[PDB]
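Scroll down for the structure; my scribbles are underneath it.
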Amino acid sequence: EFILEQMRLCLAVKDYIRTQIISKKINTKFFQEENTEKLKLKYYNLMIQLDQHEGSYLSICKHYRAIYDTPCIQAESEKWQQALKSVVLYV
């Protein structure tokens, strides 16, 4: 949480390069979602904003495919519908 929090602060500063620099320290430290789903959701909801800046239209597809985590995501049709719609829209 500590190392993830300052990413939003850097976004507030509007310094994308530093955000992309600091984000690389969490890629290998996955499987933190075994008991903390909301932390994983918060993490994924930031690279979407980050990559939307310049032109990256395919990595965000990978993120939305990664929103296929614990059925605490897909058992909520009211938002699961658009969660699975946006991936096929962005492909």
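In the stretch 1-82, which GluC sites (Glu not before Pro) fall in coil by DSSP and have 13 or fewer other Cβ atoms within 10 Å?
Passing sites in the stretch 1-82 are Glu1, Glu34, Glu54, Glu76.
Which percent of the Cα-Cα distances in the stretch 18-64 go past 18 Å?
When all Cα pairs of the stretch 18-64 are counted, 30 percent exceed 18 Å.
Could you work out [θ]222 nm for the chain from helices alone, using -39500 (n - 2.57) per DSSP H run of at least four and dividing by all its residues? Round to the nearest 500 deg cm²/dmol.
Taken over the chain, the calculation gives -18500 deg cm²/dmol.
For the chain, what number results from the quotient of the Cα radius of gyration and 2.2 N^0.38 Å?
1.12
Show which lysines lie in cross-link reach of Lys62 when reach means a straight Cα distance below 23 angstrom and same-chain residues fewer than eight apart are skipped.
In chain and number order, the partners are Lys24, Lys25, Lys29, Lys38, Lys40, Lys42, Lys79, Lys85.
Cβ: placed from backbone, ideal geometry, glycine included. Neighbour counts: every protein chain shown. Read-outs: derived from the displayed coordinates by stated rules, not from any lab.
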